[PDB]
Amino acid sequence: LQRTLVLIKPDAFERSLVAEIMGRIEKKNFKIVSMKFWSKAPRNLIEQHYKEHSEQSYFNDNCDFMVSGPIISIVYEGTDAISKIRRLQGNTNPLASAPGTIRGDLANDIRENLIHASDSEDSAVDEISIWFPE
């Protein structure tokens, strides 16, 4: 059993895709362990979440996008949940994300890509503690 951190991004809200995204994960039989709705996440939180990208040219624009609307943070639990949810999510790059994946079916941009999911056990622990410090 593993736990992974998922963010539903502001573009899901703008486009009314929140349920569509959550439903894909729900249909694969992952269970919600914690969940938090943010009318607007604090920029500091976003900066921490993306600390590993701080030197990338897109860092600030991505932070702006991530505070541009609401977010839902969710901790999902299930056997190999981290890798499995990453496969459902689909690749970041719109030239690569596979039809059948969340990004492959629904996302058309490298930034506005609807959903974050932890990429490893090490980052899951980190991200979960950022969004759910308790």
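We number the residues from 1 along the sequence you see.
When the C-alpha B-factors of 99-107 and 64-72 are averaged, 64-72 comes out higher. The mean C-alpha temperature factor is higher for 122-130 when 109-117 and 122-130 are set side by side. Remark: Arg86 belongs to the lowest third of its chain, ranked by C-alpha B-factor as recorded. Annotation for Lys27: CA B-factor lies in the lowest third of the chain's modelled residues.
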